[PDB]
Structures are given as C-alpha cells and as structure tokens.
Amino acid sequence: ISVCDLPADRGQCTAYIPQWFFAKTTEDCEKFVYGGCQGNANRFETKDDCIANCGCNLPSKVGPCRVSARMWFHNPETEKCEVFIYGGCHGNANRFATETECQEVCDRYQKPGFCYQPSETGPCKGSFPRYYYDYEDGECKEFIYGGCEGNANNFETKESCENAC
C-alpha cells in the first residue's frame, strides 16, 4: 500500500476521534476526524508519525508569503537534513524548526531493519548491560543480555546503539 496516496477516510461510523493524515492537495500532514471504524491506512496518532511516513521525500517549499525564516528539510537527493528558507505559510510536510528534529522525525522508520526487532536476552544466564533500539519508545534503551545467541539489535554502549540505529 502507498499510504500517502490514500484520501482521508472518516469511515462509516459515528465516533469522534481526531487524527492526522497526509493530504495530497497541500502535501502536508493535517488533522481530520475519524469515526472509529473501517477507514484506511492514511491515519496517524500524531503529526510527527504522519511526517515520518509521508513527508521526508518532498522537495523544500518556500510558499507564497515572505514572512521568511530559516527552516530544515530532509533532502531526498542527499538524505541529509539541510537548511531552506520558508516563506511562512502553505509549506509542505518536509519542514522542521531544527536540524535535530528533522533528523529524528525523518529517520524514525528509515533505520536498518534489525533496529526494529524486540530486544532478545538470549538463553544464557549472564548479565551484561547492553543497549538496544526500541522503536515504540523511539529510544536506545538499556537491557540485560544473557551472553550468547540473541540478535543484531544488541550494542555495548548507548552511542553505539544510536550510531547504528
């Protein structure tokens, strides 16, 4: 499924649940109301989750206005967060106030596949403080490794973990 190409879909139900979707018209992540049932994949709990899915391949967009400011966007051509000038309105989803925000949001689902597997302690009874990337928390978290077997989501330090993941 290409999530970002689906329309908003409130569904057929009567619930009232505010969510985000990627709007193809404006190419920005926007709020809509979800009816709790049916609908489709283009539906996110937060704005950042929506951008992490749909925003990071868009070109930079200055827009019409000229209340200008320096912003950051993930450049798809270099896969680097770079500065651009935002006119102040009508921009797209690829727009962040800081370099770090741009990096953390756009890299959310773009880490190596092994970063997304559950931390595996292994069978053995050792206790080695190892770190792993936990995508739910979006953080490299300490855990305790048995000492043999396990998986690649297993790092000796935190900065080691966040370097890989």
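Numbering starts at 1 and follows the sequence shown.
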* Structure fact -> Of 110-118 vs 95-103, the stretch with the larger average CA B-factor in the entry is 95-103
* To do: Between 26-34 and 134-142, name whichever shows the higher mean Cα B factor according to the PDB entry.
  => 134-142
* In terms of CA temperature factor as recorded, identify the highest of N57, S60, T46, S127. => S127
* Modelled-residue ranking by C-alpha temperature factor, third containing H74 -> lowest
